[PDB]
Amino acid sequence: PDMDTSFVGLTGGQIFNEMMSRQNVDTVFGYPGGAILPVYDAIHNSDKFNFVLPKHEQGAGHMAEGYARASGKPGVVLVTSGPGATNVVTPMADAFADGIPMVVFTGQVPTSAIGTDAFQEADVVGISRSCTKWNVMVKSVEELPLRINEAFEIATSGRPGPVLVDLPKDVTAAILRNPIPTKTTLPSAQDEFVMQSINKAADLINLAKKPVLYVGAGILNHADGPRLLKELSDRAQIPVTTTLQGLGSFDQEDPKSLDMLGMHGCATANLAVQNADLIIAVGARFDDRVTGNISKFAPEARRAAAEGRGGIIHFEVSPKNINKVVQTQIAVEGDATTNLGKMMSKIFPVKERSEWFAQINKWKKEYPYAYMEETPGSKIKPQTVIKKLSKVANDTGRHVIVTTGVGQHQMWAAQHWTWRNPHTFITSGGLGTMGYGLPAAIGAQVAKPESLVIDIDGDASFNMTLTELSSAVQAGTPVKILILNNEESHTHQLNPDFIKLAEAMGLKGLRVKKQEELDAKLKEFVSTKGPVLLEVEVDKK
């Protein structure tokens, strides 16, 4: 057996510290507590890590999600036992539904006390079983490195997701006395069937006359995904449409872009999909919000399949989701980016699809998706605020990241903003957690310090977690908080004075009541150095 002694003499806390470094972790979100003290002190006292403190553990969890989605790295959360652990359940469930990599470490009462109704003792492993890909309770310090490495491996492989590691106080406070297996300290057949599927899929794409790329979140789980997607779209001249969670993976300013697909997407995108002979699904799960009545989804693709000249190709990483909603002609199992890479050289270069694009461009100017404009001297419409802010943001030339709350403003943000860069739309889709906006924006800002981070929030959503406003100031994250306030069966909620709230929290507050002041405020909003909140009184829902 290959043994290692480099950790002998250290405490669980220092080992934890060392393991984070080996995992390339430089940011940790969390809140202190007695049970997690040994680890907290180690991380909090090291200048090797940036410890971000929220005002509520839920904040830590959502901040970690924002961090992960904007960086591509797993979000690390550190909290204490009992209430500390239960306060991160929503964020774990949220991350679980959206497939976001997150590693949650929770302090626990001493192993000797487990199952005695000790103070702040909770069956966290049991509580988080359904909202984590995997969880475990470290039983001894020798086991610590192993569990950490497993946690990171699982959280970042297959469909990314959250994992939880329960850390008993006696275990993290103990000192490693014995050497441990070297393997456990270092990070991390059908191979033929998959290669066959890649060939078959290449054959279908080369064969297609009116193909469509239906792209989702999966393409963002690899740094080169968006690049290879563009390459494939250019090489075979294939129009590209994305899901809500796929926004940003393809430049919407590109001529081949169909924009968002679904009951809330562009008519043109929905048409291309209903008329296509081949649909190439890349990192998307065919949600009914996208497909509509499944039995009537992609009729021309079905016909092609029936006649042996098309159908549906699905690049999926999870075997469980293959053929789950729709029967597919071909399924390429595994990482979408990797497989698109292996398939590129097999794709026949297509000079043009004049007819297909003619029909598409015809629908574009035939169904110009536009909301109901605003009548002079009247309540400001939210879609307008978004279309405009998008322009103002764009004029700065900076990299822009957008987070949102949950509600009507969420869909408007998705629809009326012009997406161009990957990892720039961070919204809660799977679970739809109100209050996500602010903390996710803070975490995204910590991940991309130079980026302009905007949170397009709703008034009710914003109230859920507005206490994190002071956390933004403390963390030095200059997030731009936009609140589309449409508050005048019918649950009228009382809102605080958002501007006075902001000032009370330590930020600059701005308000807009009339159309004649919107443009100036939007510019000041985006131009302000430091965190700032802008409330725009908008027309009732």
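Just count from 1 along the sequence shown to find any residue number.
A chain break between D47 and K48 is not present, all residues of the deposited sequence in that interval being modelled.
Unmodelled deposited residues between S188 and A189: 4 to 9, per the record. Of the two stretches examined, 331 to 339 and 114 to 122, the record assigns the greater average C-alpha temperature factor to 114 to 122. Look at the C-alpha B-factors of 214 to 222 and of 316 to 324. On average they run higher in 316 to 324. In the PDB entry, the Cα temperature factor peaks, among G82, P74, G443, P368, at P368.
For the set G432, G262, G107, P239, the maximum C-alpha B-factor listed in the entry falls on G262.
In this PDB entry, the Cα temperature factor of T27 sits in the bottom third of its chain's modelled residues, the lowest group.
In the deposited entry, the Cα temperature factor of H409 places it in the middle third of its chain's modelled residues. For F425, the recorded CA B-factor ranks within the lowest third of the chain. Only modelled residues enter the ranking. Residue-level temperature factors show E374 in the highest third of its chain, judged at the C-alpha atom.
Among all modelled residues in its chain, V512 ranks in the highest third by Cα B-factor.
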